[PDB]
Structures are given as structure tokens and as C-alpha cells.
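For reference, the structure discussed in these notes is given below.
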Amino acid sequence: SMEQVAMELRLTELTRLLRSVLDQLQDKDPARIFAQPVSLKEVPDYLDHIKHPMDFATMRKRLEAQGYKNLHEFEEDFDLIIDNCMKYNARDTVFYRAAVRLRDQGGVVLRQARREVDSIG
């Protein structure tokens with residue numbers, strides 16, 4: 001149908017905007033601490049601690065399959081990155097501290113993303 005096509009165009013455009021959001025958030029991780037999944041070879045107990053692992057490469061795979069329907073779903077995954085790190089790692093670690101900085105800096109980006117998603121529809 002024409003409606004299904006229009007809906008698909010909307011999803012494609014959301015995917016365009018979320019790709020720009022993702023790039024901007026990932027720039028706030030210049031150490032690449034959150035770039036890839038925590039390695040289960042190197043942290044073999046990880047899934048005993050963290051039930052829903054997340055990282056920027058995993059988000060990018062989902063994004064490119066158009067697997068985020070709305071900004072809320074995208075934000076859920078970004079918050080997992082931060083929140084998983086802040087539980088597994090102690091406060092006095094470079095990992096925890098990176099997550100705090102990513103959260104604080106990402107907030108700005110996500111605030112305007114929400115306005116754009118609502119504005120453009």
C-alpha cells in the first residue's frame with residue numbers, strides 16, 4: 001500500500017536522524033570504552049552480573065537493520081551501556097568515570113534529538 005510505503009519512509013528518516021545521534025554520542029567516548037561488547041573470553045563471569053549487555057557496535061547493527069521504531073527504544077539501549085558499566089565497575093575506575101562523562105555529555109544531544117523527532121514527526 002501507499003500507507004506502508006509512507007510509514008517506511010518515516011522509519012528511514014528516523015534511522016537517518018538516529019544515525020547522526022549515535023555518531024554524536026560515540027564521539028563523547030573518545031577512549032572507545034563502549035565501542036564493542038564486553039568480551040566473554042576476557043570477562044568470563046560477565047553475564048552473571050549483567051543480564052542485558054549493550055555497546056555501540058551492537059546498537060549500530062540494530063540501527064542499520066532499521067530496528068529502532070522510536071527514539072525511546074534507542075535511548076533504552078544507550079542507557080544500558082551506561083547503567084551496565086556503572087554496576088559492574090566501581091566508582092574509582094576509568095570505566096565508571098567514562099560512563100558518567102558519556103551520560104552527562106550525551107544528555108545534551110538526546111535533549112535536542114527528542115525535540116527534532118517530535119518537531120519533524
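We name chains A, B, ... following the order of the C-alpha cells; residues begin at 1 in each chain, and ligands are numbered from 1 as shown.
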Could you find all residues in chain A that DSSP calls helix (DSSP H, G or I) from the backbone, and write them as a PyMOL selection string?
chain A and resi 2-27+46-49+56-64+71-88+94-120
Excluding residue A:70 and residues on its chain fewer than 3 positions from it, collect all residues at most 8 Å away from it, counting only C-alpha atoms, and give them as a ChimeraX atom specification.
/A:14,73-74
Any chance you can output those residues with C-alpha atoms as a PDB file, in the first residue's frame?
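Saved result, part_8.pdb, follows:
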```
ATOM      1  CA  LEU A  14      14.130   8.263  11.874  1.00  0.00           C
ATOM      2  CA  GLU A  73      13.897   2.284  22.114  1.00  0.00           C
ATOM      3  CA  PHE A  74      17.254   3.865  21.078  1.00  0.00           C
TER       4      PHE A  74
END
```
Exercise: residue A:64 partners within 10 Å, only C-alpha atoms, chain neighbours under 2 positions left out, as a PyMOL selection string
chain A and resi 12+15-16+18-19+59-62+66-68
Write out as an MDAnalysis selection string the residues lying within 9 Å of residue A:33, counting only C-alpha atoms and excluding same-chain residues fewer than 2 positions away.
chainID A and resid 29:31 35:36 95 98:99
Selected residue of minimal separation from residue A:28 among A:11, A:54, A:100, A:43, counting only C-alpha atoms:
A:100
Compile the contact shell of stretch 103-106 of chain A as a PDB file with N, CA, C and O atoms, in the first residue's frame: residues with an atom at most 9 Å away, counting only C-alpha atoms, same-chain residues fewer than 2 positions apart removed.
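And here's part-v1.pdb as it stands now:
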```pdb
ATOM      1  N   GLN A  24      27.200  11.273  17.231  1.00  0.00           N
ATOM      2  CA  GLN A  24      27.470  12.337  18.186  1.00  0.00           C
ATOM      3  C   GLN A  24      27.701  11.735  19.599  1.00  0.00           C
ATOM      4  O   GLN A  24      28.613  12.168  20.303  1.00  0.00           O
ATOM      5  N   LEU A  25      26.909  10.739  19.984  1.00  0.00           N
ATOM      6  CA  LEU A  25      27.128  10.130  21.316  1.00  0.00           C
ATOM      7  C   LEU A  25      28.458   9.387  21.358  1.00  0.00           C
ATOM      8  O   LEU A  25      29.177   9.427  22.370  1.00  0.00           O
ATOM      9  N   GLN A  26      28.797   8.656  20.310  1.00  0.00           N
ATOM     10  CA  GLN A  26      30.010   7.905  20.289  1.00  0.00           C
ATOM     11  C   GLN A  26      31.269   8.800  20.273  1.00  0.00           C
ATOM     12  O   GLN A  26      32.291   8.451  20.815  1.00  0.00           O
ATOM     13  N   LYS A  28      31.544  11.279  22.191  1.00  0.00           N
ATOM     14  CA  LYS A  28      31.702  11.532  23.600  1.00  0.00           C
ATOM     15  C   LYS A  28      32.385  10.384  24.345  1.00  0.00           C
ATOM     16  O   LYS A  28      32.433  10.407  25.620  1.00  0.00           O
ATOM     17  N   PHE A  78      21.002   3.018  24.810  1.00  0.00           N
ATOM     18  CA  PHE A  78      22.111   3.865  25.300  1.00  0.00           C
ATOM     19  C   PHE A  78      22.222   3.854  26.833  1.00  0.00           C
ATOM     20  O   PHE A  78      23.312   3.719  27.403  1.00  0.00           O
ATOM     21  N   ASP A  79      21.097   3.888  27.481  1.00  0.00           N
ATOM     22  CA  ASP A  79      21.101   3.838  28.939  1.00  0.00           C
ATOM     23  C   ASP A  79      21.661   2.490  29.449  1.00  0.00           C
ATOM     24  O   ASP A  79      22.285   2.498  30.512  1.00  0.00           O
ATOM     25  N   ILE A  82      25.468   2.655  29.705  1.00  0.00           N
ATOM     26  CA  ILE A  82      25.916   3.431  30.867  1.00  0.00           C
ATOM     27  C   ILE A  82      25.648   2.681  32.169  1.00  0.00           C
ATOM     28  O   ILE A  82      26.528   2.584  33.066  1.00  0.00           O
ATOM     29  N   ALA A  98      34.170   7.055  32.780  1.00  0.00           N
ATOM     30  CA  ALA A  98      33.880   7.252  31.338  1.00  0.00           C
ATOM     31  C   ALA A  98      32.372   7.247  31.150  1.00  0.00           C
ATOM     32  O   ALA A  98      31.828   7.996  30.339  1.00  0.00           O
ATOM     33  N   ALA A  99      31.698   6.313  31.829  1.00  0.00           N
ATOM     34  CA  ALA A  99      30.247   6.237  31.720  1.00  0.00           C
ATOM     35  C   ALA A  99      29.569   7.479  32.249  1.00  0.00           C
ATOM     36  O   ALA A  99      28.567   7.943  31.665  1.00  0.00           O
ATOM     37  N   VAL A 100      30.020   8.016  33.400  1.00  0.00           N
ATOM     38  CA  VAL A 100      29.447   9.254  33.893  1.00  0.00           C
ATOM     39  C   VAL A 100      29.566  10.408  32.873  1.00  0.00           C
ATOM     40  O   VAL A 100      28.576  11.156  32.659  1.00  0.00           O
ATOM     41  N   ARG A 101      30.750  10.534  32.302  1.00  0.00           N
ATOM     42  CA  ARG A 101      31.024  11.607  31.345  1.00  0.00           C
ATOM     43  C   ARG A 101      30.180  11.428  30.088  1.00  0.00           C
ATOM     44  O   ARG A 101      29.643  12.401  29.548  1.00  0.00           O
ATOM     45  N   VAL A 108      22.682  16.296  26.522  1.00  0.00           N
ATOM     46  CA  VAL A 108      22.515  17.479  25.668  1.00  0.00           C
ATOM     47  C   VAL A 108      22.025  17.094  24.257  1.00  0.00           C
ATOM     48  O   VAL A 108      21.093  17.676  23.708  1.00  0.00           O
ATOM     49  N   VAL A 109      22.673  16.080  23.705  1.00  0.00           N
ATOM     50  CA  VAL A 109      22.450  15.576  22.355  1.00  0.00           C
ATOM     51  C   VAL A 109      21.058  14.977  22.309  1.00  0.00           C
ATOM     52  O   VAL A 109      20.241  15.221  21.405  1.00  0.00           O
ATOM     53  N   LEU A 110      20.762  14.146  23.288  1.00  0.00           N
ATOM     54  CA  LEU A 110      19.465  13.496  23.342  1.00  0.00           C
ATOM     55  C   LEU A 110      18.285  14.449  23.618  1.00  0.00           C
ATOM     56  O   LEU A 110      17.177  14.185  23.134  1.00  0.00           O
ATOM     57  N   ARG A 111      18.521  15.499  24.391  1.00  0.00           N
ATOM     58  CA  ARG A 111      17.503  16.535  24.597  1.00  0.00           C
ATOM     59  C   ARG A 111      17.055  17.153  23.269  1.00  0.00           C
ATOM     60  O   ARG A 111      15.824  17.301  23.030  1.00  0.00           O
TER      61      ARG A 111
END
```
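Here the question is which of A:121, A:27, A:96, A:89 gets nearest to residue A:46 using only C-alpha atoms, and that residue is A:89.
Of the listed residues (A:81, A:7, A:21, A:38), A:7 comes nearest to residue A:69; the distances count only C-alpha atoms.
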How far is it from atom CA of residue A:87 to atom CA of residue A:34, in Å with one decimal?
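Between these atoms lies a distance of 14.4 Å.
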Which one of A:113, A:6, A:50, A:40 sits closest to residue A:80 if you count only C-alpha atoms?
A:50
